[PDB]
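Chains as they are written, first to last, in the deposited numbering: chain NV, 714 to 732; chain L4, 2 to 245; chain SP, 2 to 179; chain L9, 2 to 182; chain SG, 57 to 78, 115 to 287; chain LF, 4 to 133. From the three backbone atoms N, C-alpha and C, an ideal C-beta is built for every residue, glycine too.
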RNA sequence: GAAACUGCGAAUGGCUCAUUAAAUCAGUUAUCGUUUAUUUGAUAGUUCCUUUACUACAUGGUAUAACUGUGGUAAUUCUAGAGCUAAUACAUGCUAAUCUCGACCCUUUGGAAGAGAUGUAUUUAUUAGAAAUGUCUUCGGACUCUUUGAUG
Ligand SMILES: [Mg+2]
Ligand SMILES: [Mg+2]
Ligand SMILES: [Mg+2]
Ligand SMILES: [Mg+2]
Ligand SMILES: [Mg+2]
Ligand SMILES: [Mg+2]
């Protein structure tokens, strides 16, 4: 039997800037 | 000492846990349970140093007290519960199911499995005997006592145990050509087919194993775990398929 | 029983029975003053909450639900054009009564009504019926969190459809008689 | 108690420190590369001795031996990467042909001097220790820094340096202020 | 008339426009978000007619024109407003050019049949050479060395230029008036391309 | 300007949070206060500032960059439930508990050990005796 | 929720190297030579058996602390006398079943007149623990026999 398939990451990086 | 010990030094801890030597002075001492101390992975190490879901011991305790962790279909709240080989760890909240199988390096690997595969486990038959009132039973490597077994089941065979009911669904005899996983010694983690079982009366039996890559090696019978027929293992295998 | 937990212990963690949680629970979403993800929107309320729930919840059912409807909720016109299929999938998955996935689905159902209020009216009868079955289903598996999500979803729908339901308040009452 | 943290001496005193030829050698090397004391020369000599002894042991071993192939390939790769050994002398024999001057020439002080950012090796050291030189995006304040082949082209004035486009140092603006008053 | 309804109205009107233009509606919505998925979704190469192309050349007094940047308003699907800076600039295509003559020029290219039409320009010169001679003080309004590059802001509110004068000047689109100067603060920090 | 980037974002429904590595680039500035980062990660993830915690900021050698760890809880109540007490005190979500030093508490513990029972009987006995 | 009873722990941890010269210790064996709190997995319907003159819709002080109150000693993590009151402390003690065959009917989802059997724990003695190659049949199946397991 095959192993469970890996799940692509749910969360990703994110960015901003201020000042 | 005047009694059982209750502390474990980090340097004295098993190597394969891969514990930082400078983090502290003590390592988690596995509590009594299904698996021996040296061949077990306490839940704290698995949750913190492998999955990284918790950053410190208190967080692991908080996770466990929420009853989010199940071991072999049963909820465990002990931080140092000794999970071990062919143990199924379920985290419903993350929808994650893991089976503890050593890698080629010789360490427990984070191996994800499906629910259907997680519904069962495999146990090496360590002993077969008649209990009280003449009820036969089998004791497996994980300390499970299963009554009314199949008569054909003998020592060193492998029984497929359904976690929900704790009964024997099927079994695999120990014989040449069967697929085998090594659970001890320097060859720990390798996978290969049996070739011959050298039997020495009054001594340790030796088993010759042949890998898919045509290499051969000899290992004591105690480190042998039958997992299925060649090319048709009954459990999903980790990456590398126990090669090298 | 005679006396409630009026005096609180120094413990940080305390056991609370299911009945105990239910008694304290009160359905009034406006009273809550925690920041709401849907308050900040770029395209629609549904997409704003839908993106958030993808990153928090990892349940088997919600992940499957997201995959089906991910392509059809990228833009508000896409949601309006595909409103029928979105509602059916939301009702279909809520029917499974999987506690691990109810919270995102129920939240999205309310926000779905937020995006297309007047057009949700044709969905109004089926949404209430699905919630009623879920709440009736909720009795057998005790989880105060499920009740809070379900009724808050019901309250949100009333908030968004306040104008239309008020005109036929008796009809809304008739559904909730059971 | 906590497990020990290992440590090791990075240099070793030479066999006969008072050899006149050795004293002249140390004098010449320090003069060329602006070294602070004999400890640096001893350090480089010790590292070179280790490298050459390992190369000797590998050469003694038979060709096509797994240990020889693996370890010699690793050593050649490292020596090429640090730049001491060139791309066209990738053999252990040329490792045995290495000298202290090669390792000295890879020091960040000498590289800063050569590239023209400084007018002398001592000026290069002074610039380094005052936080003016950056190897890529990182400020390096250590003359004994060993520069790799790729990092060689990225040596430059640090953005924060007064020479690198920041505001003038305290002395400059102090003088400007008093002149203004 | 809460903001949610306003989006609904614009979306409703937008859908009506697609229906008037026209499966097709379902497909057309997908291409709107195809940009988010970084893959080719504009297969029109075989549809192009190179042979019938109407070619033209417009002479410019500047010597050695170095770069050109074009601004095109685009309708925002999320909010349904054009990228145009102002109502007057609704659907007006602009092109900005810079040259080694230290002159920045803008043209109107909205009418494809007609040639580009100059609107405004700004020229630099020796007047703008910095006196300080310090890199952080190179904050003069105009250019004093060869301008190499120019780029138009997607919002249509700003145009930015840079060159061998180691400066990045950002100008107001309508009037080519400088609003900020950002020195690169390096001796050889000569701007070579902007994107 | 000053930039923040979150990397290695791991969702942790077990503790009901999101854990990530925060990289802050702050040219021409000493460093960035924790409260500002909490405000701004809160704005980013669309959660309350009370639900955001940050720690372990170390400025890279030479300045201009800092790296640390950050947590964003699904709800403020969850953060109050799972966060360490000391971190809650840092952010003002919890009040510092005032207690005597360890030596004083231990001495009091020993003194109370010496006495058996409530001790009021001992008090009245000594009062009568003297 | 103070105090006290009860349960658990306090035999782990830490420190030092006095004694110790086949001793300790290292490697390697055995327990078919024995104890094992705890963890983990299994595991216990005994229906009846004359004073039924009968508590199990639940038994006693065969009992005390904490507590109230009277005291001794210069003094201690000292305690006496009297009075109270609890248990997962102590000591007692119960409540129309299941399984073999089964005649007779009936020919199955069958009913059952009746002949029978009934926990553990300790000690000892004894005992067990090793040419049916046919017939018919619906062609399936039935007819007689088997009957402990493990280790060298
Ligand atoms: Mg043996
Ligand atoms: Mg500086
Ligand atoms: Mg002697
Ligand atoms: Mg001996
Ligand atoms: Mg215990
Ligand atoms: Mg008494």
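Per-residue contacts from residue i into chain SP (C-beta, under 7 Å)
{"i": "residue 50 (chain LF)", "result": "36"}
{"i": "residue 95 (chain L4)", "result": "59"}
{"i": "residue 124 (chain SG)", "result": "76"}
Coarse secondary structure for residue i, derived from DSSP in three states
{"i": "residue 1 (chain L4)", "result": "Because chain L4 is modelled from 2 through 245, residue 1 (chain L4) falls outside the range shown and cannot be assessed."}
{"i": "residue 14 (chain SP)", "result": "coil"}
{"i": "residue 226 (chain SG)", "result": "coil"}
{"i": "residue 26 (chain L4)", "result": "coil"}
{"i": "residue 234 (chain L4)", "result": "strand"}
{"i": "residue 221 (chain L4)", "result": "strand"}
{"i": "residue 107 (chain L9)", "result": "coil"}
{"i": "residue 23 (chain SP)", "result": "helix"}
{"i": "residue 114 (chain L4)", "result": "coil"}
{"i": "residue 139 (chain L4)", "result": "strand"}
{"i": "residue 68 (chain SP)", "result": "helix"}
{"i": "residue 167 (chain SG)", "result": "strand"}
{"i": "residue 174 (chain SG)", "result": "strand"}
{"i": "residue 135 (chain SG)", "result": "coil"}
{"i": "residue 69 (chain SG)", "result": "helix"}
Residues that DSSP places opposite residue i in a beta bridge
{"i": "residue 97 (chain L4)", "result": "92 (chain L4)"}
{"i": "residue 56 (chain LF)", "result": "74 (chain LF)"}
{"i": "residue 121 (chain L4)", "result": "163 (chain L4)"}
{"i": "residue 13 (chain LF)", "result": "22 (chain LF)"}
{"i": "residue 254 (chain SG)", "result": "241 (chain SG) and 260 (chain SG)"}
{"i": "residue 174 (chain SP)", "result": "Answer is none; residue 174 (chain SP) lacks a bridge partner."}
{"i": "residue 162 (chain SG)", "result": "187 (chain SG)"}
{"i": "residue 62 (chain LF)", "result": "69 (chain LF)"}
{"i": "residue 4 (chain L4)", "result": "In the DSSP output, where bridge partners are listed per residue, residue 4 (chain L4) has none listed."}
{"i": "residue 214 (chain SG)", "result": "196 (chain SG)"}
Within 8 Å, strictly: CB atoms of residue i and residue j
{"i": "residue 44 (chain SP)", "j": "residue 81 (chain SP)", "result": "no"}
{"i": "residue 190 (chain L4)", "j": "residue 116 (chain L4)", "result": "no"}
{"i": "residue 55 (chain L4)", "j": "residue 89 (chain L4)", "result": "no"}
{"i": "residue 198 (chain SG)", "j": "residue 140 (chain SG)", "result": "no"}
{"i": "residue 23 (chain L4)", "j": "residue 3 (chain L9)", "result": "yes"}
{"i": "residue 181 (chain SP)", "j": "residue 147 (chain SP)", "result": "A query on residue 181 (chain SP) cannot be resolved here, the shown segment of chain SP reaching from 2 to 179 and no further."}
{"i": "residue 127 (chain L4)", "j": "residue 102 (chain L4)", "result": "no"}
{"i": "residue 75 (chain LF)", "j": "residue 44 (chain LF)", "result": "yes"}
{"i": "residue 255 (chain SG)", "j": "residue 283 (chain SG)", "result": "yes"}
{"i": "residue 241 (chain SG)", "j": "residue 159 (chain SG)", "result": "yes"}
{"i": "residue 107 (chain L9)", "j": "residue 83 (chain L9)", "result": "yes"}
{"i": "residue 228 (chain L4)", "j": "residue 123 (chain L4)", "result": "yes"}
{"i": "residue 86 (chain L9)", "j": "residue 77 (chain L9)", "result": "yes"}
Cross-chain neighbours of residue i in chain LF, by beta carbon under 8 Å
{"i": "residue 724 (chain NV)", "result": "12, 13, 14, 21 and 23"}
Contact set between residue i and chain SP, taken where Cβ atoms lie within less than 8 Å
{"i": "residue 79 (chain LF)", "result": "35"}
Where residue i meets chain NV, residues with beta-carbon distance less than 9 Å
{"i": "residue 4 (chain LF)", "result": "730, 731 and 732"}
{"i": "residue 56 (chain SP)", "result": "723, 724 and 725"}
Contact set between residue i and chain NV, taken where Cβ atoms lie within less than 8 Å
{"i": "residue 47 (chain LF)", "result": "727 and 729"}
Per-residue contacts from residue i into chain LF (C-beta, under 7 Å)
{"i": "residue 54 (chain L4)", "result": "15 and 17"}
{"i": "residue 41 (chain SP)", "result": "49"}
Under 9 Å from the C-beta of residue i: neighbouring residues of chain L4
{"i": "residue 85 (chain LF)", "result": "60 and 63"}
Neighbouring residues, chain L4, relative to residue i (Cβ below 8 Å)
{"i": "residue 125 (chain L9)", "result": "Those within 8 Å of residue 125 (chain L9) in chain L4 number zero; the least Cβ separation is about 37 Å."}
Amino acids of chain SG, ordered along the chain, whose beta-carbon sits closer than 7 Å to that of residue i
{"i": "residue 166 (chain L9)", "result": "227, 228, 277 and 278"}
### Message
Report the start-end ranges of each alpha helix (DSSP H) in the segment 124-159 of chain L9 that is 4 residues or longer and not cut off at the edges.
### Response
150-153
### Task
List in chain order: all unbroken alpha helix (DSSP H) runs of 4+ residues lying wholly within the segment 141-172 of chain SP.
145-161 and 163-168
### Task
List in chain order: all unbroken alpha helix (DSSP H) runs of 4+ residues lying wholly within the segment 163-198 of chain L4.
Whole alpha helix (DSSP H) segments, 4+ residues: zero.
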